[PDB]
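K.L.:
below is the sequence, then the experimental coordinates.
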Amino acid sequence: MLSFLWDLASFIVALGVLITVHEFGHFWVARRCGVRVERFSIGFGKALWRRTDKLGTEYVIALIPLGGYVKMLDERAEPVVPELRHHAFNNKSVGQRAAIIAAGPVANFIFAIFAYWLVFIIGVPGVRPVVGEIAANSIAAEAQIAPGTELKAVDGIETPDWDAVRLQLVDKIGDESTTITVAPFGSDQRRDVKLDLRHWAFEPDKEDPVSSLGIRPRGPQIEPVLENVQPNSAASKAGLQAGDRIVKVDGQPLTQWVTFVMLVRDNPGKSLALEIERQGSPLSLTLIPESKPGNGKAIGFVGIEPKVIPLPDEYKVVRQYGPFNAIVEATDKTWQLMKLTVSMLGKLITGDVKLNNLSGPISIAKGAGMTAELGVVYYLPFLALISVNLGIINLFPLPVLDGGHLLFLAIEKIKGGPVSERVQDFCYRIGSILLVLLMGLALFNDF
Ligand SMILES: CNC(=O)[C@H](Cc1ccccc1)NC(=O)[C@H](CC(C)C)[C@H](CSc1cccs1)C(=O)NO
Ligand SMILES: [Zn+2]
Ligand SMILES: [Zn+2]
């Protein structure tokens, strides 16, 4: 309960913000062009929050947060006073109406710029792309890549952190090989290696592209030391205190923490003989894991948070700039994201990216919950990414979207007159049908 509520709240706030910024771009550019905005609907369905401005503009918050619109003044929808005729949308030039229509996606892009600028002003952390472990017989193992190597670039594009590395790796789906400029950590002697991607197969929704290459990044190391023990837990009833060191679990010494994790998760109820050390004194204990609700089966909990040692700050990057520099870098980052979304849609259409791994609203909500839990410096880039996505999928040439408006408007500009009398209407309805079908298919592949 306490988790799903946070997820839904973060999802609703993210939606609200993005809808508001798109419709605000629409409304601002429209009002500046000289037309009169009537309704500023943020959401679909029955309205809940209606307010009226002095200029007659009605701001409306509805209940279905999966969209929104801006109702313009048009002679093709209501009878207009002879003086308000030039305040109508249809009585404007093709260029003005095209700008008013394109304002929305441009508003989303500008919101992404602003989010990344605010993040750069406040600063976003990051880890250097340094390999810690290499899985044998993998993509990177066969390319003469040794542990302790700092990735410098992917196909020439700079990769200062693991995030940019994954961002460039996902852009190589469908390719048979890729080129990575690497260097040992410390020495700036660059070297171009080539990863073979012919038999490469991974789901971007389920698999980390770094691990898909058999690469583990160097991160904070978990050590078999108890940081704190929650009260009224299995470890608390087992006699474990803060600062204890798990040495032996069921006869064999404890080498990794994932071993203890799997032993607690796959063995609920059954005892575990723990030989530990407390203040240099060896002790024996019997840990009986509980059985809290899990996914797929019954998982076991003990209430132990291990002690993690963060990797040295040598593998840390601070990405904060000054105001003007932050503006420049945010523009560059959002342009990169736009080009990457273009290439990703191209990959999905060309036939090498399955549509079943698409971002579904429940997955979007879980990601929003996780990000909002992580803080603001993570929630803002998430909002910027989803804003770029929304702005770029609405500029898609389809009758009901802003892009279809721009398309029919350009055809009117060339032809000298609106495309269709009612020949459009049968596409106006079919586009809404296709949008509802796409929404349903996206919701179903998420489930
Ligand atoms: C989550 N909904 C969307 O992303 C749809 C397009 C879509 C539908 C289904 C699947 C994928 C994309 N876009 C919009 O709702 C735009 C609103 C922005 C702020 C998101 C909106 C589209 S117009 C209208 C459609 C129905 C009544 S009014 C717009 O352009 N206002 O200026
Ligand atoms: Zn006037
Ligand atoms: Zn729009």
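P.N.:
Ah, there it is. Numbers count the residues shown, from 1 in each chain. Ligands and ions are numbered 1, 2, ... in the order given.
K.L.:
okay, buried residues for stretch 262-274 please.
P.N.:
263-265, 268, 272, 274 (16 or more other Cβ atoms under 10 Å). No exception for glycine: its C-beta is placed from N, CA and C like everyone else's.
K.L.:
which one of the residues you listed sits closest to ligand 1?
P.N.:
residue 265 (37.2 Å; Cβ to the nearest ligand atom).
K.L.:
so the closest one is in which element?
P.N.:
Taking DSSP states H and E as the criterion, residue 265 maps to helix 257-266.
K.L.:
element containing the closest residue to residue 330 other than its chain neighbours, please.
P.N.:
With Cβ to Cβ, 6 or more residues apart in numbering as the criterion, residue 330 has its nearest non-adjacent residue at 3.6 Å, and that residue is residue 116. Assigned by DSSP H and E, residue 116 falls within helix 94-122.
K.L.:
redo the buried residues of stretch 262-274 as a markdown table? Include distance to residue 363.
P.N.:
Putting these into a markdown table (distance: Cβ to Cβ, whole Å) gives the following:
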| residue | distance to residue 363 |
| --- | --- |
| 263 | 30 |
| 264 | 27 |
| 265 | 23 |
| 268 | 28 |
| 272 | 35 |
| 274 | 38 |
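K.L.:
from those, which are also near ligand 3?
P.N.:
The subset of the buried residues of stretch 262-274 within reach of ligand 3, by Cβ under 5 Å from the ion, is empty.
K.L.:
let's have the residues you listed in JSON lines, adding distance to ligand 1.
P.N.:
Listed next are those as JSON lines, based on distance: Cβ to the nearest ligand atom, whole Å:
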{"residue": "263", "distance to ligand 1": "44"}
{"residue": "264", "distance to ligand 1": "41"}
{"residue": "265", "distance to ligand 1": "37"}
{"residue": "268", "distance to ligand 1": "41"}
{"residue": "272", "distance to ligand 1": "48"}
{"residue": "274", "distance to ligand 1": "51"}
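K.L.:
quick check: of those residues, which lies closest to ligand 3?
P.N.:
Minimum distance to ligand 3 across the buried residues of stretch 262-274 is 47.1 Å, recorded for residue 265 (Cβ to the ion).
K.L.:
ok, that closest one touching residue 298?
P.N.:
No: when contacts are counted by Cβ atoms under 8 Å, residue 265 is not listed as touching residue 298 (9.5 Å).
K.L.:
in the stretch 251-400 of the chain, which spans are helices?
P.N.:
For the stretch 251-400 of the chain, the helices defined by DSSP state H, counting those that start in this stretch cover 257-266, 323-350, 361-374, 376-394.
K.L.:
please identify the buried residues of the longest one?
P.N.:
By that I understand helix 323-350. Buried residues in helix 323-350 (16+ other Cβ under 10 Å): 326-327, 329-331, 333-334, 336-338, 340-341, 344, 347.
K.L.:
next, the angle helix 94-122 makes with it.
P.N.:
Interaxial angle of helix 323-350 relative to helix 94-122 (axes from the mean of the first three to the mean of the last three Cα atoms, to 10 degrees): 120 degrees.
K.L.:
so what's residue 142 closest to, chain neighbours aside?
P.N.:
residue 196 (6.5 Å).
K.L.:
confirm residue 66 sits in a strand?
P.N.:
Yes: counting by DSSP: H, G, I helix; E, B strand; the rest coil, residue 66 falls inside a strand.
K.L.:
distance check, the nearest residue to it once chain neighbours are set aside against residue 52.
P.N.:
When the adjacent residues along the chain are set aside, residue 66 lies closest to residue 44, with 6.4 Å between them (Cβ to Cβ, 6+ apart). Distance from residue 44 to residue 52, counting by Cβ to Cβ, to the nearest Å: 20 Å.
K.L.:
same deal with residue 354?
P.N.:
Noted for residue 354: a distance of 48 Å to residue 52, by Cβ to Cβ.
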